[PDB]
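Quick notes on the structure that follows.
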Ligand SMILES: CC[C@@H](C)n1ncn(-c2ccc(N3CCN(c4ccc(OC[C@H]5CO[C@](Cn6cncn6)(c6ccc(Cl)cc6Cl)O5)cc4)CC3)cc2)c1=O
Ligand code: HEM
């Protein structure tokens, strides 16, 4: 008889339900804990799964170390397991593929195999609004990218350069961080100045003078609120009934409302020209199946483009200033190139003259090598994927993670990779360039291979379309900083370590530098 054992099964179950509440809470904790450990052990036997990083707390996984020190985590895993490994992250399984083959695996993955919008829509849809970027099918995103790129032409950059320059000068004139007409030296926190200079310059050029004027008002606080809603927390908790989440949603409505008002106002007056991204999207935002973007979708798209451009660029110019603050030799070299190309400062800066400043562009290029603003990009796996030349299968429901910024910092691809050296890019100062064959996913021909160890703008269908804008903006900005100021660290201070916990990787604050006018007597005109 085994029937009597099946009775004690039922009996055991009943005694289980009658345990003292202290013992039940205890078990409510210890049972998932034990089961988690046993599951990992069994998992480690499968030869069709990449090794999985061991973790103690269920669901949470390796969340804490990935959040604080993602590259140190990757290096340690790479040492133990090689280039492919998985780890658990707040309920998700992330399969990391390091190095250029990882780039190809993920960036050039078939559209059916992986989804960016499934990975990202929570990080962005609550902030930007509905119907755009990741809150739409991939083919809509492809065309949105085509639309936005339409305002990012050489001719647009030629007209943006003096607008960006004017904002930089105005910021030197009026901001309390500078006041160059009143002060000849001062101390700044670059994580205060660079986000402000970035939003002022990006607004003026992409959004136009009206939207720029708005930032001189209490309206600016809405950008602050919307900005605070752009946080890694959204990855897990995109909506919680806290005040944080409420100021964000309000801001999105208020800011999209303001863009819609401008859009409808311009159409009303037949005042649609070729000034900015707004004019461009009004004139050119009809999908190929004949559907037009709504005014709300246009406004939402504007928010997304400005927000993304805001954080990558601000972080980058902050890093440029910080690396140059201990490199007066590089400031000196950059200054000589400015003197040569602009004829001792007699020539006004133009987009065409920016292209003749290779060391300036190499400085941007080198900063983006050492400080990729996005340490990890990922996709949700939609169909089981076989890893070439292995036995691994990444099942649907997993996420794949790629990290070009990690490869940027490997000695094998960049000798002395932790040394800042703009000259590693001599005669190679282009922001990026296709090393051969090209393809077009709907927003223009881009490189077909994504095997370059240097990939600051990613690749494949989700590739950045902002790189020439970012270089234009960063170039104007740094050209003027260099011609106007010298700067250095307070005694004993040096380049800060990256903070990886925000949406882009920023310098750990407070990152202060001391500036000095190259020409103490130089005045900036205009009224204030
Ligand atoms: C346990 C709780 C707590 C301790 N914890 N523990 C771990 N974590 C955690 C770890 C990591 C992360 N991640 C989430 C993902 N993230 C990130 C990934 C991709 C990314 O952007 C890629 C896409 C989407 O956004 C943009 C960014 N961009 C690109 N160019 C310019 N910006 C983007 C593309 C297009 C447009 Cl229009 C806008 C935007 Cl924003 O590209 C941004 C951040 C890094 C941090 C979040 C939380 C926690 O919160
Ligand atoms: C230094 C500056 C920047 C860097 C390093 C950068 C980096 C990137 C990267 C790595 C991606 C690919 C993301 C992925 O594959 O998951 C991307 C995508 C994108 N970026 Fe940028 N970016 C920068 C600036 C900008 C700017 C200024 C804009 C807008 C003006 C912009 C708009 C976009 C857009 C529209 C995409 C496409 C998103 C998609 O197709 O899924 N970026 N960027």
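Numbering (my numbering), first residue to last: 512 to 1039. Built from N, CA and C at the ideal position, the CB exists for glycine as well.
Here the C-alpha atom of residue 739 lies approximately 29 Å from the C-alpha atom of residue 892. With a cutoff of 8 Å on beta-carbon distance, residue 663 and residue 980 are scored as near each other. For residue 1014, the shortest separation between its Cβ and any heavy atom of ligand 1 lies below 7 Å. Restricting attention to 564, 950, 878 and 889, the CA atom closest to the CA of residue 933 is found in 878. Taken atom to atom, the span from the alpha-carbon of residue 807 to that of residue 730 is near 19 Å. With a cutoff of 8 Å on beta-carbon distance, residue 575 and residue 596 are scored as not near each other. In the structure shown, residue 909 falls within a strand segment according to DSSP collapsed to helix, strand and coil. By the beta-carbon neighbour count (other beta carbons within 10 angstroms, threshold 16), residue 545 is exposed. In this structure, DSSP gives residue 827 a helical state, which the three-state scheme calls helix. Taken in chain order, the unbroken stretches of alpha helix (DSSP H) that lie wholly in the segment 633-684 and span 4 residues or more are 649-660. Residue 1016 is not a Cβ neighbour of residue 964, given a cutoff of 8 Å. The Cβ neighbour count for residue 527, taken over all protein chains shown within 10 Å, is under 16; the residue is labelled exposed. The count of Cβ pairs closer than 8 Å, one atom from the segment 808-817 and one from the segment 639-647, reaches three, so the stretches are in contact. Here DSSP, grouped into helix, strand and coil, assigns residue 720 to helix.
DSSP lists no beta-bridge partner residue for residue 578. When the beta-carbon positions are compared, residue 705 and residue 829 come within less than 8 Å of each other. DSSP, read as helix, strand or coil, puts residue 977 in coil.
Using a 10 angstroms sphere on the CB of residue 930, the tally of other CB atoms stays under 16, which defines it as exposed. Distances taken from the Cβ of residue 644 to the heavy atoms of ligand 1 include one shorter than 7 Å.
As computed with DSSP, residue 997 is found in a beta bridge with 1027. 8 Å or more divides the Cβ of residue 712 from the Cβ of residue 672. Around the beta carbon of residue 1033, fewer than 16 other beta carbons sit within 10 angstroms, so the residue counts as exposed. Annotation: the continuous alpha helix (DSSP H) that includes residue 709 extends over 701-713.
At least one heavy atom of ligand 2 lies less than 7 Å from the C-beta of residue 824.
Between the segment 906-918 and the segment 607-622 there are three or more C-beta pairs closer than 8 Å, enough to call the two in contact. For residue 793, the uninterrupted alpha helix (DSSP H) segment begins and ends at 788-794. Annotation for residue 668 indicates a beta carbon at 7 Å or more from all heavy atoms of ligand 2. Around the beta carbon of residue 849, a 10 Å sphere encloses 16 or more other beta carbons of the protein chains shown; the residue is thus reported as buried. Taken atom to atom, the span from the alpha-carbon of residue 542 to that of residue 536 is near 10 Å.
When secondary structure is reduced to three states using DSSP, residue 610 falls in the coil class, being assigned neither helix nor strand. Secondary-structure assignment with DSSP links residue 1010 through a beta bridge to 1017.
Taking non-hydrogen atoms of ligand 1 into account, the C-beta of residue 634 is found less than 7 Å away from one of them. Taking 3 residues as the minimum length, the beta strand (DSSP E) runs contained wholly in the segment 834-910 are 888-892, in order along the chain.
Excluding five sequence positions before and after residue 660, the CB atoms of its chain that fall closer than 7 Å to its own CB belong to 954, 955 and 976, given in chain order. Taking the Cβ of residue 888 as the reference point, at least one heavy atom of ligand 1 falls within a distance shorter than 7 Å.
At a threshold of 7 Å, residue 673 does not count as near ligand 2, since its beta carbon sits no closer than that to any of the ligand's heavy atoms.
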